[PDB]
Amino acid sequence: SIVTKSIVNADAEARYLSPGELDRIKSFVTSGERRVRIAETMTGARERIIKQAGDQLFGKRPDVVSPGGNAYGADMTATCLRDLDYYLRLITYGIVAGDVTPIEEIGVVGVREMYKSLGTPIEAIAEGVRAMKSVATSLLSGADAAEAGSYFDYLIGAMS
């Protein structure tokens, strides 16, 4: 989080955090409860979010579920939905941390090499994240929706 980042930065300069850095951690902690609340709402609706996003995905990209597609078959479709779940999970981690590092370090570095090896069209994964973004933020208030949306966008941009 920004606590780790500020520390690592100050250390690179062999100095104590600056007042500016301290103010950042300050805000970070007071908004902590809001972010935790956002993450909880997404965790609770986990199953519904994956079902609907999955449905919207296969609707936009029937190919992946049709014959010759990477997710053709009850089992491959299941595994595909399993991956969507992995990412929703990472996103709630991101939200509580206040930044994308958990999403990045657990599911983005090497993501292109992993999916290319499995033959999974990464553009379709991104579409699945777009779908989740839609179902997930629809569960939130205008303010929170925008806030959580940014984490989805980061992920979408990292797969495109």
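Just count from 1 along the sequence shown to find any residue number.
Checked against the record, the higher mean CA B factor of 9 to 17 and 148 to 156 lies with 9 to 17. Taking the mean C-alpha B-factor of each stretch as recorded, 102 to 110 and 31 to 39 are not equal, and the higher mean is that of 31 to 39. When the modelled residues of the chain are ordered by C-alpha B-factor, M76 sits in the highest third.
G94 sits in the lowest third of its chain by CA B factor, as recorded in the PDB entry. When the modelled residues of the chain are ordered by C-alpha B-factor, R48 sits in the highest third. For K133, the recorded CA temperature factor ranks within the lowest third of the chain's modelled residues.
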